[PDB]
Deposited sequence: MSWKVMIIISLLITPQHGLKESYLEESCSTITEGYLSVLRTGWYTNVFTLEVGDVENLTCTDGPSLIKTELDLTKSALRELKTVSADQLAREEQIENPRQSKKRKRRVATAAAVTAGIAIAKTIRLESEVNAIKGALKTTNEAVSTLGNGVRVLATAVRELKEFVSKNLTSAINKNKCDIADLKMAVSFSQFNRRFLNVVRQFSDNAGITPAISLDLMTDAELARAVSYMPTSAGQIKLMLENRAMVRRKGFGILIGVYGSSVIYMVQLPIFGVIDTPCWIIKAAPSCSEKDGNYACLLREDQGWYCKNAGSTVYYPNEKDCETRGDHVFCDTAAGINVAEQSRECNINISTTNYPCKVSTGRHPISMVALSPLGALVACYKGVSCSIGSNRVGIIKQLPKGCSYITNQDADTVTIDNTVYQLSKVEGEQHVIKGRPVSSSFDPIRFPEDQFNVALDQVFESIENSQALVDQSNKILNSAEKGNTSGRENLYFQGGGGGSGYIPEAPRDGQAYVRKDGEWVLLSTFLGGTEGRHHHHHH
């Protein structure tokens, strides 16, 4: 990474990043199967199995309540409205039955929906299996204080996924803000990334940054159908990788004239990538996220701009107020300190206390020169790479 300090504008350009552009959304539908708990009943009073059974039963009822309320009258409102649309499609009667039948023979299928879209469809059957073959028989005619403790404790550990799913959806009106491991385990995430409609290289990159894949998605409850729970998970599709990107950070550049401040400030800070078609600008910090040397940007947040990176002759984006703003702006490889208007600005080390006081007027600190820069008892920790 090459960070260059442009002193005329109080700015940094940090160069040589590599892009990962979200270009679409993959949809994975889940059927978590609880199995027939309706006819299982305990009549021998307090019991670990009775409580975990009652807990399952009441989770089913809670989810039925949550789905009832869900009535048409790190996720963009854009991303979520997209997902709600997909979910309306899947919540039809026909479509649910289609998916249930697609998963009769196998554990995992590519179901097509009535509009044409293809969705992955997983069956999570561990609880129904445990309930149908292990628990129903160990409950001998309504008696749950079974002497087999290993069985009891297994029930307790087998419905953990279901109840956690029911908690996450019920606590968010059926739209979780991100993707817990109860919604989609890491196995299932990797399996679903590998089936995405893109080429093997983007799939490779995604599988190397699974956690970043998961950060950008979310879940929507579909409904409760019998003793099964249908929900969906939207994974991001990084359909385009490895175009070059740079970040521009800046602060105010004022000259002082005995009372009067003659200021300058760039208004083009953010992330840029020269990918194919245009040069693209991502203006908000939430928009692009770095891991190591790759920068992951939501293409929905992109503005197209022209060729640039001069000083300013061309018409660069900059300000000309008479008003100062003292502040710190942390670049990938350091800091830009903008000191004005009666305030005390300094460098700091985590070993040696106060390394070098700073002078009024925008200084630039490489991160190998400090661990800290403060402006009047507000302390900024520099980024270390």
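- Not built in the structure, per the record, are deposited positions 1-18, 92-107, 347-353, 427-539.
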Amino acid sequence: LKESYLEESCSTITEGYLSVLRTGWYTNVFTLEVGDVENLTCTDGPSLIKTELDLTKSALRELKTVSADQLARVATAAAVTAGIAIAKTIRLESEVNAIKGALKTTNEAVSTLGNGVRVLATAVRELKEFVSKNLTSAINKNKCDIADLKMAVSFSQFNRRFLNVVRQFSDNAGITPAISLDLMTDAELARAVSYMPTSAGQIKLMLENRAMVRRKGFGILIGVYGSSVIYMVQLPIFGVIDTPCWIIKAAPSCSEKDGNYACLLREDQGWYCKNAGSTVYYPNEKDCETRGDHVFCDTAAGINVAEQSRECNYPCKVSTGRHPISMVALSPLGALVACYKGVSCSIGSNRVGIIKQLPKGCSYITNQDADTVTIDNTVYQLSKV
From here on, numbers count along this sequence of modelled residues.
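- For the segment pair 53-61 and 328-336, the entry gives 328-336 the higher mean B-factor, averaged over Cα atoms.
- On average the C-alpha atoms of 251-259 have higher B-factors than those of the other stretch, with 251-259 and 80-88 being the two compared.
- Note on the listed residues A72, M196, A187, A121: the highest Cα temperature factor in the record is that of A72.
- Highest C-alpha temperature factor among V66, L32, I347, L40, as the PDB entry reports it: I347.
- In this PDB entry, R310 carries a Cα temperature factor that places it within the highest third of its chain's modelled residues.
- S47: CA B factor in the middle third of modelled residues in this chain (values from the PDB entry).
- In the PDB entry, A192 places in the lowest third of its chain by CA B-factor.
- In this PDB entry, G116 carries a Cα temperature factor that places it within the lowest third of its chain's modelled residues.
- Annotation for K286: C-alpha temperature factor in the middle third relative to the rest of the modelled chain, per the entry.
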